Amino acid sequence: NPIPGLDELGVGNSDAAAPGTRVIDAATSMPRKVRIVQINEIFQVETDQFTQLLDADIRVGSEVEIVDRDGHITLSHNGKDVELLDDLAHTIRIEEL
């Protein structure tokens, strides 16, 4: 790309570019601290053992955090951790606490 680039972008800030990060994009090498803000699911049919997470009386993992595990992804809540699945981990909209 020899030509230069445009510059009509406004508001950049650092990270946080949209209300939603899925309980997986927030998980980093270290167990930071995030939270889910929407566990909606317009999937024509997607549940599996995950139904347990929804039946755990929690939803949107409330305020907690995750810990990517090389392909796997676990969730850590204030006094409670769970092991979801990277498959559905990319559905609910979550963010940082």
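For neighbour counting, all protein chains shown are included, and Cβ atoms are generated from backbone atoms with ideal geometry for every residue, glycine included. Nothing in this text is a laboratory measurement; each read-out follows from the coordinates by a stated rule.
Over the chain, calculate the relative contact order: mean separation of alpha carbon pairs under 8 Å at least 6 apart, over the residue count, as a percent. Walk me through the numbers on the way to the answer.
Details: 159 pairs, mean separation 37.7, N = 97.
With pairs under 8 Å counted, the relative contact order is 39 percent.
Taking every pair of alpha-carbon atoms in the chain, what share in percent sits in each 5 Å bin, from 0 to the bin with the longest distance?
3, 12, 22, 22, 14, 8, 5, 6, 4, 2, 1, 0
Let me know the charge dipole size of the range 1-96 about its Cα centre in debye, to the nearest 20, where only the beta-carbon of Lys, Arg (+1) and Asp, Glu (-1) is charged. Write out the running numbers ahead of the final one.
Working: 8 positive and 19 negative charges, 46 e Å.
Taking the Cα centre of the range 1-96 as origin, the dipole is about 220 debye.
At 25 °C and 0.890 mPa s, grab the translational diffusion coefficient of the range 3-58 from Stokes-Einstein with a Kirkwood Rh over Cα pairs, rounded to a whole number in µm² per second.
Values: Rh = 15.3 Å.
Once the numbers are plugged in, D ends up at 161 µm²/s.
Going by C-beta contacts inside 10 Å, put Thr91, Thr51, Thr28, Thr74 in order with the fewest on the left.
Details: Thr91 20, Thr51 9, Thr28 12, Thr74 16.
Ranking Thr91, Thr51, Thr28, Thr74 by Cβ neighbours within 10 Å, fewest first, gives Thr51, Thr28, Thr74, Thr91.
Per DSSP helix of 4 or more residues, -39500 (n - 2.57); summed, then divided by the residues of the chain. What does that give at 222 nm, rounded to the nearest 500? Before the final figure, lay out the partial values.
Working: 3 runs with 13 residues, N = 97.
It comes out at -2000 deg cm²/dmol, rounded to the nearest 500.
Within the range 8-51, report the trypsin sites (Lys or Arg not before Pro) that DSSP leaves as loop and that have at most 14 other Cβ atoms within 10 Å.
Qualifying residues, ordered by number: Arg32, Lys33.
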